[PDB]
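Q:
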Ligand SMILES: *[C]1O[C]([C][O])[C](O[C]2O[C]([C][O])[C](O3[C]4O[C]([C][O])[C]([O])[C]([O])[C@]43[O])[C]([O])[C]2[N]C([C])=O)[C]([O])[C]1[N]C([C])=O
């Protein structure tokens, strides 16, 4: 039996957070989960124009919208300004990338 | 001769291992896992589907009474009523006024269509593990499927591999399970007896086609109205048809560790957890001598540029002197830097594609019994999310003592020798006494 | 003009005979038997606004 596919979702790629904005023509379903040992997960019904902000850790994130294939996303490493540029930008560069150890070190 | 190796159980990841033997050409091999699965040893408890209420005809007796002999049947329910006046199309049905009786009987039976749709609850026990590997070492690259029980071995060209034991029994399952057409769920289904009417599986069957069944549908009967001949029966509605609407969130979505669940048969494939050990026993078809391969020296290598990618975005050109043309295989010797190009043909120059994004990898690379080192600086990338997993296994985010930890040698601190000079002043104050 | 929101197509006036569009339009291949043409894009965001 045939079934309508849904329009695409254009992602926008923020730091550790990916926002995907839906334009549903019919009421549809969104489903996603994290990838790690800790299974943090949710799913939502979508009716009108709305943004949804799903997390993206280093372990990965899979999500599936409509009747599509499940799509995967992975934070690349991290982002920052100037790394190893001499004055104290080293501690600023380690303010990303698991910062708690850096604070106790400093 | 057999030796060990540890393979990180993530699909697509490349791994390198090194064999060492004094008197032959050093050789390395590249391994990459593709297919995994965990078939759990399922047993049965019972299945469930929708029910039906078969109602035979209500035999009415005028000015008399009947006696309902029972039947070996599920919930055969008999009810005898007095004081009825059935009023059908032909005036009255009978002619009497005070001794009339009506008989109503009904029973509950398994519906006829659930031979094709049904839920089946299973008890769920320990599982197994199978794998598929790629075994590229230059000489002809095979694909292989094999178990992880240790005893099962498969050999290509006299070279054999064994896999088991396993590293972890981390299961994406529980002890009790229930399977529908394409989903698996984890709720503690009631036992074979406790037919709570209106919860999951208020009808139960021990197989598809057993001639006996069990039901607790909660069925009762009531006396009819004036005139109408029918069978008033009060019943709790279906629990199975309820469960189809009142249960979202299967294990296909809640699955830990990003694994993927597929029915028929119940299996979970491409899980990502733990490593797998491997013992390999070589043969003498590619285990090549020393005095045949290129014998080079003065390995004047270098680096070019480096990025914090997740794929091959570290390029390192490396030079050398050709003594005789051939092929030689390269391999790291620390955990910071992986390589992609396993075997580079020694001719003039060379260029390798290392990948490590932690800070600034100072790594040792080797080619045909020769040791060198390389070091560089790396910039972070510009994107935020990409469409492929990692390739650097490095939790070694420290930069290894170079180009950012130089300030430790700068701010050592020094001044303790001045307090040695102060205790020398103590030595010179005790000279008087 | 990111597609779907306001301003997905535009023009300087009623007659500027070239016009901007970023409507994410792409077309796929049909299934066997029937002759047609498939194509996917976000709907006309003006009516959504
Ligand atoms: C052997 O070795 C080799 C190395 O060189 C390898 O590889 C490579 O790999 C890859 C992956 O697969 C490939 O690729 C392919 O193809 C296909 C077709 O279709 C496509 O699709 C994909 O994408 C890809 O591209 C390549 O090709 C290669 N290279 C060469 C071969 O050169 C392999 O795999 C091994 N094995 C064998 C059997 O060969």
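Residue numbers (our numbering), protein chains in the order written: chain A, 31 to 136; chain B, 664 to 1096; chain C, 249 to 297.
A virtual CB, placed ideally from N, CA and C, is assigned to each residue, including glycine.
Just to confirm, is the Cβ distance from residue 772 of chain B to residue 882 of chain B under 7 Å?
A: In this structure, residue 882 of chain B does not lie closer than 7 Å to residue 772 of chain B by Cβ.
Q: Under a criterion of Cβ closer than 5 Å to any non-hydrogen atom of ligand 1, which residues qualify, in chain order?
A: B:799 and B:804
Q: Strictly by DSSP, which residues pair up with residue 283 of chain C?
A: Note: residue 283 of chain C sits in no beta bridge, so no partner.
Q: Closest Cβ-Cβ distance between residue 249 of chain C and chain A: below 7 Å?
A: no
Q: Is the distance from the Cβ of residue 290 of chain C to the Cβ of residue 255 of chain C below 7 Å?
A: no
Q: Is there a C-beta anywhere in chain A that falls below 7 Å from the one on residue 1046 of chain B?
A: yes
Q: Does residue 261 of chain C have its Cβ less than 7 Å from a Cβ in chain A?
A: With 7 Å as the cut-off, residue 261 of chain C does not count as an interface residue toward chain A.
Q: Along the segment 281-296 of chain C, where does the CB come closer than 8 Å to a CB of chain A? Name the residues.
A: Answer set for the segment 281-296 of chain C: 288, 289, 290, 291, 293 and 296.
Q: Scan the segment 956-1032 of chain B and note each continuous beta strand (DSSP E) run of 3 residues or more that stays entirely inside, going in chain order.
A: 977-980, 991-995, 1014-1018 and 1026-1030
Q: For chain B, is any of its Cβ atoms less than 7 Å away from the one on residue 51 of chain A?
A: no
Q: Within 7 Å of any Cβ in chain A, is that where the Cβ of residue 640 of chain B sits?
A: In this structure chain B extends from 664 to 1096, so residue 640 of chain B is not present and cannot be described.
Q: Would you mind telling me which residues of chain F sit closer than 7 Å to residue 69 of chain A, beta carbon to beta carbon, in chain order?
A: Chain labels in this structure do not include chain F; the protein chains are A, B and C.
Q: Please confirm whether residue 682 of chain B and residue 690 of chain B have their CB atoms less than 7 Å apart.
A: Against a cut-off of 7 Å, the Cβ pair of residue 690 of chain B and residue 682 of chain B comes out as a contact.
Q: If we count Cβ pairs, one from each stretch, closer than 8 Å, do we get three or more for the segment 963-970 of chain B versus the segment 982-996 of chain B?
A: yes
Q: Measuring alpha carbon to alpha carbon, tell me which of B:676, B:1023 and B:998 ends up nearest residue 695 of chain B.
A: B:676
Q: Can you confirm whether the segment 828-840 of chain B touches the segment 866-885 of chain B when touching is taken to mean that 3 or more C-beta pairs between the two stretches lie within less than 8 Å?
A: no
Q: So, under 8 Å CB-CB, residue 835 of chain B and residue 931 of chain B are touching, yes? Tell me the CB distance rounded to an integer number of Å.
A: 5 Å
Q: Is the beta carbon of residue 58 of chain A closer than 7 Å to that of residue 76 of chain A?
A: In contact: residue 76 of chain A and residue 58 of chain A (Cβ atoms closer than 7 Å).
Q: Quick check on the DSSP output: what are the complete beta strand (DSSP E) runs of length 3 or more inside the segment 876-933 of chain B, in order along the chain?
A: 882-884, 896-898, 923-925 and 930-932
Q: Just the chain A side, please: which residues come within less than 7 Å of residue 1018 of chain B by C-beta, in chain order?
A: Simply none; closest approach about 12 Å.
Q: Give me the chain C residues within the contact set of residue 81 of chain A, using Cβ-Cβ distance strictly less than 7 Å, ordered along the chain.
A: Simply none; closest approach about 11 Å.
Q: So what does residue 750 of chain B bridge to, in DSSP terms?
A: Bridge partners of residue 750 of chain B: none, in fact.
Q: My output table needs one value for residue 1071 of chain B: the three-state DSSP class, helix, strand or coil.
A: Helix.
Q: Do residue 43 of chain A and residue 916 of chain B have their C-beta atoms within less than 7 Å of each other?
A: no
Q: Straight-line CA distance for residue 735 of chain B to residue 717 of chain B?
A: 15 Å
Q: How is residue 55 of chain A classed by DSSP in three states: helix, strand or coil?
A: DSSP places residue 55 of chain A in coil when its eight states are reduced to three.
Q: For residue 810 of chain B, which of helix, strand or coil comes out of DSSP?
A: strand
Q: Just to confirm, are residue 969 of chain B and residue 922 of chain B a CB contact at a threshold of 7 Å?
A: no
Q: If you draw a straight line from the alpha carbon of residue 51 of chain A to that of residue 1048 of chain B, how long is it in whole angstroms?
A: 16 Å
Q: Using only the alpha-carbon positions, how far apart do residue 1050 of chain B and residue 102 of chain A sit?
A: 6 Å
Q: If you pair each beta-carbon of the segment 784-794 of chain B with each one of the segment 752-768 of chain B, do three or more pairs fall below 8 Å?
A: Verdict: no, contact absent.
Q: For the beta strand (DSSP E) that residue 1058 of chain B lies in, which residues bound it at each end?
A: Residue 1058 of chain B -> no beta strand (DSSP E), and no H or E assigned at all.
Q: Taking the C-alpha atoms as reference points, what is the distance between residue 943 of chain B and residue 106 of chain A?
A: 35 Å
Q: Under the three-state reduction of DSSP, which class applies to residue 76 of chain A: helix, strand or coil?
A: strand
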